[PDB]
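A quick write-up on the structure given underneath.
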Amino acid sequence: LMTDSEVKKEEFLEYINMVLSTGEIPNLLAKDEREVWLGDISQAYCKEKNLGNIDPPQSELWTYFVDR
Amino acid sequence: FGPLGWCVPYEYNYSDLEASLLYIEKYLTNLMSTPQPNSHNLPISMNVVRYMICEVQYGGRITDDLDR
Amino acid sequence: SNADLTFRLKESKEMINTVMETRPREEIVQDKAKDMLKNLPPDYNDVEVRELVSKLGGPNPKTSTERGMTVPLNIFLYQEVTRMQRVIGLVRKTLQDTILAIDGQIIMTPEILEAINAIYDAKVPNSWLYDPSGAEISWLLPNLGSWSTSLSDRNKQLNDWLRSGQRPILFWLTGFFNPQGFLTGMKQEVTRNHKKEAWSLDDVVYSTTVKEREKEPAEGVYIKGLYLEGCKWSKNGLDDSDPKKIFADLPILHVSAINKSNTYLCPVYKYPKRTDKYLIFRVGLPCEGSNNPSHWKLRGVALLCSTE
Amino acid sequence: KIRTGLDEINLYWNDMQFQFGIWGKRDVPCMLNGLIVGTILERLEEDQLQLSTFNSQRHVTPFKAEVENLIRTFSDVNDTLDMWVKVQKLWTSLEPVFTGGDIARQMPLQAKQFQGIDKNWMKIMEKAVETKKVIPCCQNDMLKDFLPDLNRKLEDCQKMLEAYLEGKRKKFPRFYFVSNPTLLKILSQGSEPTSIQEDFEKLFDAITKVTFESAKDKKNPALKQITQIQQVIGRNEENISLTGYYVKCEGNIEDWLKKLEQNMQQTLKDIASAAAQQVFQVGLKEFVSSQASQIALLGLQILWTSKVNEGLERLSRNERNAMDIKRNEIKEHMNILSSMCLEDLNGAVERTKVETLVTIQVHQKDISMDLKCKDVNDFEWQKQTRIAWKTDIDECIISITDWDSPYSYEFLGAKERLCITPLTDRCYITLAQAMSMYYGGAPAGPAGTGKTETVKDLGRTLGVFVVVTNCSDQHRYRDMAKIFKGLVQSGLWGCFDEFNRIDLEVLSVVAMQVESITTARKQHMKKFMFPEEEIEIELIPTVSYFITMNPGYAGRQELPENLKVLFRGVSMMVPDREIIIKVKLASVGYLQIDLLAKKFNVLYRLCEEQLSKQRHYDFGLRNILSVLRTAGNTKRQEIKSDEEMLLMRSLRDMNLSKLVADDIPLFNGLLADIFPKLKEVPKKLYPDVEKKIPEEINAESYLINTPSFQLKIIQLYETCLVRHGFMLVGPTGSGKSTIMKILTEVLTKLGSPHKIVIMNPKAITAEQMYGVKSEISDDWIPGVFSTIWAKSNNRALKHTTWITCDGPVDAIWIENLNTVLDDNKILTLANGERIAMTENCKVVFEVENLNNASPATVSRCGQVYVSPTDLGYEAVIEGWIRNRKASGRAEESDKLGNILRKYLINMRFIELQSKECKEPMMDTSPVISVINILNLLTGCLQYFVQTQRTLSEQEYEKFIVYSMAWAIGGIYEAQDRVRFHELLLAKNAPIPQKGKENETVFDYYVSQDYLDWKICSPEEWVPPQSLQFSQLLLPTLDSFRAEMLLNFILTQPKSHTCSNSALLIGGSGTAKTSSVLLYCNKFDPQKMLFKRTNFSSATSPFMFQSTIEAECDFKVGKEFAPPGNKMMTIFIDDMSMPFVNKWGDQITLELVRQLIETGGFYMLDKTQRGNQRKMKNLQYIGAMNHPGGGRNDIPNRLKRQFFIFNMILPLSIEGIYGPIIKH
Amino acid sequence: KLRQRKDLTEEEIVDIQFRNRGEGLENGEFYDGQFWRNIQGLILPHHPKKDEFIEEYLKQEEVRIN
Ligand SMILES: Nc1ncnc2c1ncn2[C@@H]1O[C@H](COP(=O)(O)OP(=O)(O)OP(=O)(O)O)[C@@H](O)[C@H]1O
Ligand SMILES: Nc1ncnc2c1ncn2[C@@H]1O[C@H](COP(=O)(O)OP(=O)(O)O)[C@@H](O)[C@H]1O
Ligand SMILES: Nc1ncnc2c1ncn2[C@@H]1O[C@H](COP(=O)(O)OP(=O)(O)O)[C@@H](O)[C@H]1O
């Protein structure tokens, strides 16, 4: 719920702009944290994508995360 | 008047004045320091003072040629 | 005395305006500009112009056959046409893209908005006078009253100096972007055509005789359009109360090899702003009578070129 | 061969030299450094060059297991060593600090912290001693953690020690003109001779070497004492000065420095006191040959004034010829000096001395000819710089109109003082008056009229030492206070060049400081109080202030009215130009002086006015003096030919380089009008280089020699030979970088090596370029460009470094290099650090063209202009042809081209505006199109290169038609495309004619399997998911043709002129990310990855730096990145949107351009500066939005690299959404 | 003498004969000291009417051989 009160300079608009476009903040989530948070999610992946309930991969978890 | 009188504006003030006064008082004091008697109050050759008040004291501000 | 006059006017002109402040666009103006842009002349394509300048040229038809590069005035013709076209293209393009934002479509520019505001007011936009460093072209006050008028006159004379290709009499010095090149080209012409070698370039010096006559080739040029300030041509006298800026008669030039204080020396300023820049050349004006030259020097005479 | 190349290098590199230099054994442990490490570093560099050279070649199967490990170790050991040695320097500064008892007591805490670091450091040293070999020593892992934390703590220790540094600076003046850490190094001598022998330059004016004689005192170790002083210029040429009074080293550094200064002053005084008798006793030649330069000039002046005086009184007694006899004596002296000492002489210093005398004597006799003054009191005699060496009170005294002051006795040796025009007399009188009233002159005018040099010369003649600095916007008042304190304490003169370009409030407080000192000096008070500085401080009278401000540019403020009071103005608008020339020609020793002077003046004037107006032209005094200092040698050569010939040759051949194509005829037609006697002369041609150039031009594969290259490269050689630095102005794709590279090669071939560094100034912030004071922790950071400077200008090297800036020329960053590019050739910082230039180094700019340059930077450096027609696109095509006859040389070069030559030369210019084509959305120069079509055609034929199959002529003609259909057709709309198509029908090789049912040539493609023109889009529906994303995208025609074009370029393996980079153009909402993402899904993430990014207006270079660093996550240059070994792609939606600066040059894309062109960039992690990360593998793709009008455009220099083509709307949208409705 | 073999000019002979730079500049060409230029700074591969100079030197050389 950003409004005119929630802008004090341009820069906020830049960060939100890229949030609309990509959603990956450079090294906000990758400060040695992306892997612990992603590891807290693969249990859902075991049924969600359902790779025959066998296995998964590593980068594809980030792909599913940006998707979510 | 404007450009008829001076090509651009110049900021003459008193600093140049008492500079010139300090010069010419030195000149007269050290002229008459050797004068044991004044024919009619002085024996000055006032052409150097012309050159000084022309080109040195007031010459600082002047950026044009014609103004010289 | 007449100096007084101008001062008071500008003084009065601001004073009321001060108190005048204390009291409690995108319309047919762009259509007026739209009608304007179909009145300035067309471009001159260089593929045609290089041809035309190469086809015909000489100082004197008897002296030489037609030729291009070699004669200074032809290369000057090419340089002047080049800069003129450089300005013409810019004006046509920006008028277009100023009107092609509303009637046309494009994401609005700040420069174009400034251009709109300038078009409504008297002052032309900065886009046609200056650049980040400096690109002074023809800075005059009005939008079209004199600015485009001056540019039109320049292009008219330049075209007739080209399309016919014949050298006319009574050159207009104000039109040329670089007057000094005109004069030095005249020098080179005299050295080559005459006394060639008997006369060296560094030996030649300069002088002028004022054609004291109303009603009227040899070496030198005929200049039209200079303006004096504060006396007559010859038998110089005190100016009357009105008519501060007076015409200048035909000051035909003269050049001579060197050596082969009653005289007074005047400057020649392009614009009436009067700086070190715009000093094209200096002219000796012997017409003294009883008043010694220093009288005139303090009186600040000059032979300016434009009148604004 | 290659196995030998690895074997013997391994045999040597395992068995390396291990010789190290120990500081001393003065405790249990020993601390050491490698004084051979230059050999280590350099031989390492070409080692890794050799190893990469091998690995890149095809036939290097086995070495990968071995070589990588080897390179890895080498790479790794380097940075460890570097960190270590840097820490050593820190420790090597701080040891003598904590040896003293009082300072260690007064701050116990960090003294014990230093006890702790001493323990840890000794442990590291003993581990290294145990190892005996530096490579296992570096291999230790524990070390690496300690080293940077130790570094940070030692920075903290220095931040403790500033409080003592201020007092130590107080105890001796000159240290105010020295920065902090170099002051620490100066104070940690640890030796009499060695430590300070490399620092005499930046602590006195002109001294560089001093002998050290050990006097063996009884039971004390022999003390080294100074006995003579030396000024070295060049290599062997020098000036020596004995001393009778000696100077002895001691225990306190301030003491022997002070004694050095004093005893210098005293012996200079006494030698002069003698020399003033010898001048009139011995006679002219003997004392001029015997004495040094400074004393000789003093002697000449004093002789002339005394004799002229004597003549004037003798006139006063009665009408006498004796005044005329004295004038005649001077005239006689002229011939004897001029005849012999000028033409023949040994050595540079001795040479400079003579003409320094000659110029003075010329002016001397010129004055004495017209000197119609009746007596001493006359003004005409009381207008020049007279001198009197008073005997009754033994002292010099120099005199002006009224002012007087004593000579300040500073040894300068031979300096190239300058001519005396009347304008210099106006300055001399003005400055003498202002100093008599206790002010500071502040001359003003346009650029290059002799302001700074006039100030410096009035300093030199009065015997004082001047200290030029260079203010800039990154200054702070503390450093100005430091300077002014040094000035008042010492007795020296300051000349704050470019004083105006400085912050406003800093000027506000400087007003106070200078007013305080003015009032202090006015009273004649020995001791005074300085603002902001609590301790009381003394004064010496003979000080002065000068600012050479520059009225009116971009980035120039005004002086608030508090500060205009102090300084008196001196208007220097138009320098004289004739008298200086004529007296310089006299100084060299010419005979046709007066005519030639007029020739110079008139020629340069006419050239200035009536020639075409271009921004980069310059004809000021810098150019003229360059010509003069050139012209000395030519007369010094044996030829007695007529001078005017030599001079025409010199002028013409100097000024040719800058001129654009058109102005050359006008220039030499103008030459003919002034020297009609002379017809022509050949250009003096240097045989070695001209024979050498074709050799390496043939050595390369893809290089065609043409005469224009000979001309331009030789001109570059000459301007290199004369001037400091230079610029290569010229449009894109014109061969500038190649010219520089080949020149460096030829110079290196005949010995005398040459190295080149590159930089991009507007892809880093100027604050980082020159470094600032940190805005958080109150502590300095190093600057990149200054780090390269310090690393480069060390003596005792063999390179000849050429620092290349490469970008635009914006005034703000460049203009604070005026001092380095001026005759001062000294760099000055806001740190307070001053670094002296050497002849080892040159500065070059590979800039396109100036549009934001004042003449103060145009006239400082020489220049060379490349033109578009010097290297036509055709020559580039022939170079590619030379490559095709390298390996695929069966017949292909001939066959391919037999269409290409006529099919390209006589066609390309009939598309620009023959037919209308009036919407080329991307305005370009057509060389880019040629590079494009060549890069496309190589990918077209790559398949049949792969299978080693050679085809007929007709198929090749079809291929060329296909290639160049796009890549000149990629920038047009359907209407222009059909007109294009009709052209190709009229006058070109066959296009599809089988059906052509209202379908353009673009619609079809040539098939590899057979000579056919077909096209289709394969059927494919969706997966079962129903999310709109799961209905991602469908197989369109537009997408398929886009993949078709893209894939060709993207398969090509990094050929020259191929960056492997692409770029689309299409309206906002014309299937950009659609087609790109369709491509991107088809990647194989097992050996091919991908990355996304977007652009907005306020995205800065630091942001792009961050995202690319996070993308790679490794420095793949130093044998790293297993996970980035797969190939990656960087995709950007819109390169236009970044904010164009006001000038017109946007500052974000430049980082990208240095990334594409060269790969890598400079780091900014507050730890090390001069070094760059390297990208050994990457890929690049972009997308535009129909530039023009409201939409921005990219820098034109960057357009040369990306494949560009349109992305039209589909016109088939009934057939895109059909399937989803079917399902 | 012979136009086929004896007339065959060596690069030294060619360079000296060009270095004579006698005439032929009816259009107007600049110094032959380094390079000829047609109009505006445009290098010319050769002196414009070189052939007449070749013929003149061949005539003189035939007289010398006589
Ligand atoms: N002797 C040569 N023969 C054939 N091709 C050449 C030769 N010299 C240069 N080239 C080609 O010219 C191009 C050189 O462009 P260069 O990189 O020099 O441009 P530049 O002048 O440095 O300007 P920018 O740095 O902006 O590109 C390359 O494509 C190169 O292959
Ligand atoms: N009277 C002179 N005699 C000799 N050289 C001069 C004279 N005037 C100017 N110069 C030359 O001009 C250059 C100095 O210009 P400078 O004063 O640095 O320009 P700026 O004042 O714009 O910094 C030097 O090469 C210097 O020798
Ligand atoms: N092949 C396709 N199949 C289905 N939808 C498509 C296809 N191509 C384009 N579109 C739709 O058209 C739109 C075009 O938007 P896009 O090209 O991303 O904007 P821009 O051109 O500014 O990048 C997309 O949002 C997409 O939904």
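Here, A, B, ... name the chains of the structure tokens in the order displayed, residue numbers run from 1 inside each chain, and ligands are numbered from 1 in the same displayed order.
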
Each residue of chain D with at least one atom at most 7 Å from ligand 2 should appear once, together with its nearest atom pair and the corresponding distance in Å (one decimal); atoms considered: only C-alpha atoms and all ligand atoms; ordering: chain, then increasing residue number; output as JSON lines.
{"residue": "D:418", "atom": "CA", "partner": "ligand 2", "partner_atom_place_in_ligand_line": "4 (C)", "distance": 4.6}
{"residue": "D:419", "atom": "CA", "partner": "ligand 2", "partner_atom_place_in_ligand_line": "3 (N)", "distance": 4.4}
{"residue": "D:420", "atom": "CA", "partner": "ligand 2", "partner_atom_place_in_ligand_line": "1 (N)", "distance": 5.7}
{"residue": "D:421", "atom": "CA", "partner": "ligand 2", "partner_atom_place_in_ligand_line": "1 (N)", "distance": 5.7}
{"residue": "D:424", "atom": "CA", "partner": "ligand 2", "partner_atom_place_in_ligand_line": "1 (N)", "distance": 6.5}
{"residue": "D:446", "atom": "CA", "partner": "ligand 2", "partner_atom_place_in_ligand_line": "22 (O)", "distance": 6.3}
{"residue": "D:447", "atom": "CA", "partner": "ligand 2", "partner_atom_place_in_ligand_line": "22 (O)", "distance": 3.4}
{"residue": "D:448", "atom": "CA", "partner": "ligand 2", "partner_atom_place_in_ligand_line": "19 (O)", "distance": 3.2}
{"residue": "D:449", "atom": "CA", "partner": "ligand 2", "partner_atom_place_in_ligand_line": "9 (C)", "distance": 5.0}
{"residue": "D:450", "atom": "CA", "partner": "ligand 2", "partner_atom_place_in_ligand_line": "17 (O)", "distance": 3.0}
{"residue": "D:451", "atom": "CA", "partner": "ligand 2", "partner_atom_place_in_ligand_line": "21 (O)", "distance": 3.7}
{"residue": "D:452", "atom": "CA", "partner": "ligand 2", "partner_atom_place_in_ligand_line": "17 (O)", "distance": 4.3}
{"residue": "D:453", "atom": "CA", "partner": "ligand 2", "partner_atom_place_in_ligand_line": "17 (O)", "distance": 5.0}
{"residue": "D:454", "atom": "CA", "partner": "ligand 2", "partner_atom_place_in_ligand_line": "17 (O)", "distance": 6.8}
{"residue": "D:548", "atom": "CA", "partner": "ligand 2", "partner_atom_place_in_ligand_line": "21 (O)", "distance": 6.9}
{"residue": "D:575", "atom": "CA", "partner": "ligand 2", "partner_atom_place_in_ligand_line": "8 (N)", "distance": 6.5}
{"residue": "D:580", "atom": "CA", "partner": "ligand 2", "partner_atom_place_in_ligand_line": "3 (N)", "distance": 5.9}
{"residue": "D:621", "atom": "CA", "partner": "ligand 2", "partner_atom_place_in_ligand_line": "12 (O)", "distance": 5.5}
{"residue": "D:622", "atom": "CA", "partner": "ligand 2", "partner_atom_place_in_ligand_line": "25 (O)", "distance": 5.2}
{"residue": "D:625", "atom": "CA", "partner": "ligand 2", "partner_atom_place_in_ligand_line": "25 (O)", "distance": 6.0}
{"residue": "D:822", "atom": "CA", "partner": "ligand 2", "partner_atom_place_in_ligand_line": "18 (O)", "distance": 6.4}
{"residue": "D:823", "atom": "CA", "partner": "ligand 2", "partner_atom_place_in_ligand_line": "25 (O)", "distance": 6.7}
{"residue": "D:856", "atom": "CA", "partner": "ligand 2", "partner_atom_place_in_ligand_line": "22 (O)", "distance": 6.4}

How would the residues just chosen look if you wrote them out with N, CA, C and O atoms as an mmCIF file, in the first residue's frame?
data_model
loop_
_atom_site.group_PDB
_atom_site.id
_atom_site.type_symbol
_atom_site.label_atom_id
_atom_site.label_comp_id
_atom_site.auth_asym_id
_atom_site.auth_seq_id
_atom_site.Cartn_x
_atom_site.Cartn_y
_atom_site.Cartn_z
ATOM 1 N N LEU D 418 62.909 32.839 -18.324
ATOM 2 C CA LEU D 418 62.145 33.205 -19.506
ATOM 3 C C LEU D 418 62.429 34.646 -19.922
ATOM 4 O O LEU D 418 63.142 35.392 -19.248
ATOM 5 N N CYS D 419 61.853 35.023 -21.060
ATOM 6 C CA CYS D 419 62.090 36.320 -21.667
ATOM 7 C C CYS D 419 61.334 37.406 -20.913
ATOM 8 O O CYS D 419 60.455 37.131 -20.096
ATOM 9 N N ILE D 420 61.682 38.655 -21.202
ATOM 10 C CA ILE D 420 61.162 39.816 -20.479
ATOM 11 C C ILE D 420 60.509 40.730 -21.507
ATOM 12 O O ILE D 420 61.140 41.636 -22.056
ATOM 13 N N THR D 421 59.229 40.510 -21.752
ATOM 14 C CA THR D 421 58.412 41.451 -22.494
ATOM 15 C C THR D 421 58.025 42.619 -21.590
ATOM 16 O O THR D 421 58.143 42.524 -20.368
ATOM 17 N N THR D 424 55.627 41.669 -18.776
ATOM 18 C CA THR D 424 56.273 41.151 -17.579
ATOM 19 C C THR D 424 56.790 42.282 -16.704
ATOM 20 O O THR D 424 56.812 42.152 -15.478
ATOM 21 N N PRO D 446 42.749 34.981 -19.723
ATOM 22 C CA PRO D 446 42.430 33.698 -20.352
ATOM 23 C C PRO D 446 43.562 32.702 -20.176
ATOM 24 O O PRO D 446 44.573 33.017 -19.545
ATOM 25 N N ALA D 447 43.412 31.504 -20.730
ATOM 26 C CA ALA D 447 44.401 30.457 -20.534
ATOM 27 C C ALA D 447 45.677 30.738 -21.317
ATOM 28 O O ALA D 447 45.656 31.340 -22.392
ATOM 29 N N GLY D 448 46.796 30.284 -20.764
ATOM 30 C CA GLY D 448 48.051 30.268 -21.490
ATOM 31 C C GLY D 448 48.613 31.620 -21.870
ATOM 32 O O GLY D 448 49.034 31.809 -23.014
ATOM 33 N N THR D 449 48.631 32.562 -20.928
ATOM 34 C CA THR D 449 49.242 33.869 -21.137
ATOM 35 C C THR D 449 50.424 34.120 -20.215
ATOM 36 O O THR D 449 50.904 35.253 -20.143
ATOM 37 N N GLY D 450 50.908 33.103 -19.510
ATOM 38 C CA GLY D 450 52.108 33.246 -18.719
ATOM 39 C C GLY D 450 51.896 33.727 -17.306
ATOM 40 O O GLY D 450 52.739 34.463 -16.785
ATOM 41 N N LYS D 451 50.800 33.335 -16.660
ATOM 42 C CA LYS D 451 50.565 33.773 -15.289
ATOM 43 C C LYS D 451 51.452 33.007 -14.316
ATOM 44 O O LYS D 451 52.316 33.589 -13.645
ATOM 45 N N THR D 452 51.255 31.690 -14.244
ATOM 46 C CA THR D 452 51.953 30.882 -13.253
ATOM 47 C C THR D 452 53.455 30.959 -13.454
ATOM 48 O O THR D 452 54.215 31.068 -12.488
ATOM 49 N N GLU D 453 53.900 30.929 -14.707
ATOM 50 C CA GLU D 453 55.330 30.982 -14.969
ATOM 51 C C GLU D 453 55.910 32.349 -14.639
ATOM 52 O O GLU D 453 57.049 32.433 -14.176
ATOM 53 N N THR D 454 55.156 33.427 -14.855
ATOM 54 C CA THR D 454 55.632 34.742 -14.436
ATOM 55 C C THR D 454 55.804 34.801 -12.925
ATOM 56 O O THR D 454 56.804 35.338 -12.427
ATOM 57 N N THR D 548 46.175 32.185 -9.080
ATOM 58 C CA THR D 548 46.010 32.414 -10.512
ATOM 59 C C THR D 548 44.646 31.885 -10.938
ATOM 60 O O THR D 548 44.514 30.851 -11.587
ATOM 61 N N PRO D 575 49.218 38.220 -24.283
ATOM 62 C CA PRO D 575 50.675 38.238 -24.178
ATOM 63 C C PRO D 575 51.283 38.777 -25.454
ATOM 64 O O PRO D 575 50.681 38.733 -26.528
ATOM 65 N N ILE D 580 59.170 37.789 -27.808
ATOM 66 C CA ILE D 580 59.592 36.527 -27.214
ATOM 67 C C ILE D 580 60.211 35.643 -28.281
ATOM 68 O O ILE D 580 61.276 35.054 -28.081
ATOM 69 N N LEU D 621 50.404 29.913 -27.134
ATOM 70 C CA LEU D 621 51.825 29.978 -26.826
ATOM 71 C C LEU D 621 52.420 28.612 -26.524
ATOM 72 O O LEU D 621 53.628 28.425 -26.698
ATOM 73 N N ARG D 622 51.616 27.657 -26.066
ATOM 74 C CA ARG D 622 52.152 26.327 -25.801
ATOM 75 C C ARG D 622 52.660 25.687 -27.086
ATOM 76 O O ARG D 622 53.774 25.148 -27.132
ATOM 77 N N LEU D 625 55.954 27.547 -28.172
ATOM 78 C CA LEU D 625 57.135 27.155 -27.420
ATOM 79 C C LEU D 625 57.549 25.735 -27.763
ATOM 80 O O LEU D 625 58.750 25.438 -27.802
ATOM 81 N N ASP D 822 51.023 20.539 -17.340
ATOM 82 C CA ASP D 822 51.761 21.772 -17.555
ATOM 83 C C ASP D 822 53.248 21.502 -17.364
ATOM 84 O O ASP D 822 53.666 20.381 -17.087
ATOM 85 N N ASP D 823 54.064 22.546 -17.496
ATOM 86 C CA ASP D 823 55.496 22.398 -17.303
ATOM 87 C C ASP D 823 55.874 22.086 -15.862
ATOM 88 O O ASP D 823 57.027 21.722 -15.616
ATOM 89 N N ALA D 856 41.961 25.711 -21.817
ATOM 90 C CA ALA D 856 42.980 25.405 -20.824
ATOM 91 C C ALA D 856 43.397 23.944 -20.856
ATOM 92 O O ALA D 856 44.492 23.625 -20.382
#

Ligand 1 neighbours within 8 Å using only C-alpha atoms and all ligand atoms, as JSON, numbers by chain
{"D": [697, 702, 703, 704, 705, 706, 709, 730, 731, 732, 733, 734, 735, 736, 737, 738, 739, 846, 847, 848, 871, 875, 876, 877, 878, 879, 880, 931, 1056, 1057, 1197, 1198, 1200]}

At a cut-off of 6 Å, using only C-alpha atoms, what residues contact region 107-121 of chain C? Leave out same-chain residues fewer than 3 positions from it and give the result as a PyMOL selection string.
(chain C and resi 98+124-125) or (chain D and resi 1190)

Pull N, CA, C and O atoms from the residues just selected and write them as a JSON list (two decimals), in the first residue's frame.
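This is the output file out.json:
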[["chain", "number", "residue", "atom", "x", "y", "z"],
["C", 98, "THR", "N", 8.31, 20.36, -32.10],
["C", 98, "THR", "CA", 7.51, 21.08, -31.12],
["C", 98, "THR", "C", 6.03, 20.95, -31.42],
["C", 98, "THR", "O", 5.22, 20.77, -30.51],
["C", 124, "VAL", "N", 13.30, 34.16, -28.52],
["C", 124, "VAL", "CA", 13.53, 32.87, -29.18],
["C", 124, "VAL", "C", 14.05, 31.88, -28.14],
["C", 124, "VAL", "O", 14.62, 32.30, -27.12],
["C", 125, "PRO", "N", 13.90, 30.58, -28.33],
["C", 125, "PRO", "CA", 14.45, 29.63, -27.36],
["C", 125, "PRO", "C", 15.97, 29.67, -27.37],
["C", 125, "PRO", "O", 16.61, 30.06, -28.35],
["D", 1190, "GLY", "N", 11.17, 11.42, -27.68],
["D", 1190, "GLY", "CA", 11.20, 11.29, -26.23],
["D", 1190, "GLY", "C", 12.07, 10.16, -25.74],
["D", 1190, "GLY", "O", 12.52, 10.19, -24.59]]

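A straight line drawn from CA of residue 150 (chain D) to CA of residue 117 (chain D) is 7.4 Å long.
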
Residues within 9 Å of residue 43 (chain B), only C-alpha atoms, excluding chain neighbours under 6 positions, as a VMD selection string:
chain B and resid 31 to 32 35

So that I have them on file, write out the residues from the current selection with N, CA, C and O atoms, as a PDB file, in the first residue's frame.
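Okay, this is what ended up in result14.pdb:
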ATOM      1  N   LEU B  31      61.318  62.756  -1.813  1.00  0.00           N
ATOM      2  CA  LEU B  31      61.815  63.855  -2.633  1.00  0.00           C
ATOM      3  C   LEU B  31      62.282  65.007  -1.753  1.00  0.00           C
ATOM      4  O   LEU B  31      63.432  65.449  -1.850  1.00  0.00           O
ATOM      5  N   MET B  32      61.403  65.495  -0.878  1.00  0.00           N
ATOM      6  CA  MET B  32      61.734  66.637  -0.039  1.00  0.00           C
ATOM      7  C   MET B  32      62.677  66.282   1.103  1.00  0.00           C
ATOM      8  O   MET B  32      63.150  67.191   1.792  1.00  0.00           O
ATOM      9  N   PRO B  35      65.453  67.998  -0.049  1.00  0.00           N
ATOM     10  CA  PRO B  35      65.200  69.403  -0.351  1.00  0.00           C
ATOM     11  C   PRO B  35      65.457  70.230   0.901  1.00  0.00           C
ATOM     12  O   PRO B  35      64.684  70.173   1.863  1.00  0.00           O
TER      13      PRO B  35
END

All residues having an atom within 8 Å of ligand 3 (only C-alpha atoms and all ligand atoms) as a ChimeraX atom specification
/D:1031-1036,1039,1066-1075,1133,1216-1217

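The interatomic distance for the pair CA of residue 398 (chain D) and CA of residue 285 (chain D) works out to 24.5 Å.
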
Mind running chain A against chain D at 7 Å and telling me each contacting residue's nearest atom pair with the distance in Å (one decimal), counting only C-alpha atoms, chain and number ascending, as a Markdown table?
| residue | atom | partner | partner_atom | distance |
| --- | --- | --- | --- | --- |
| A:14 | CA | D:1096 | CA | 6.7 |
| A:18 | CA | D:1094 | CA | 6.7 |
| A:26 | CA | D:1107 | CA | 6.3 |

Written file, previous selection with N, CA and C atoms, as a tab-separated table (two decimals), in the first residue's frame:
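Final file, selection.tsv:
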chain	number	residue	atom	x	y	z
A	14	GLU	N	12.78	3.20	-7.61
A	14	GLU	CA	13.63	2.31	-8.39
A	14	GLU	C	13.56	0.89	-7.83
A	18	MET	N	12.05	-2.47	-9.90
A	18	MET	CA	12.64	-3.77	-10.16
A	18	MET	C	11.87	-4.87	-9.44
A	26	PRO	N	19.30	-7.62	-5.31
A	26	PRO	CA	20.70	-8.05	-5.27
A	26	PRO	C	21.27	-8.19	-3.87

From a DSSP pass on the backbone, collect the residues of region 16-265 of chain C flagged as alpha helix (DSSP H) and hand them back as a ChimeraX atom specification.
/C:16-20,28-36,46-55,72-99,110-120,149-160,179-193

Students should find that CA of residue 266 (chain C) and CA of residue 194 (chain C) are spaced 28.3 Å

Give me the residues within 8 Å of region 47-63 of chain E as a PyMOL selection string, counting only C-alpha atoms and dropping any in the same chain fewer than 2 places off.
chain E and resi 1+7+17-18+24-25+36+44-45+65-66

Residues near region 688-690 of chain D, cut-off 9 Å, only C-alpha atoms, skip fewer than 5 positions along chain, as a PyMOL selection string:
chain D and resi 710+714+746-747

Go ahead and save the residues from that selection, with N, CA and C atoms, as a compact mmCIF listing (two decimals), in the first residue's frame.
# COMPACT_ATOMS: atom_id res chain seq x y z
N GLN D 710 50.70 4.48 -42.51
CA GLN D 710 52.08 4.93 -42.40
C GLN D 710 52.11 6.39 -41.95
N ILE D 714 53.34 7.51 -38.11
CA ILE D 714 54.57 8.28 -37.99
C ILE D 714 54.30 9.63 -37.32
N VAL D 746 56.33 -1.65 -32.35
CA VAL D 746 57.58 -1.28 -33.04
C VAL D 746 58.58 -0.69 -32.07
N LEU D 747 58.12 0.11 -31.11
CA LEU D 747 59.07 0.63 -30.13
C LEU D 747 59.71 -0.51 -29.36
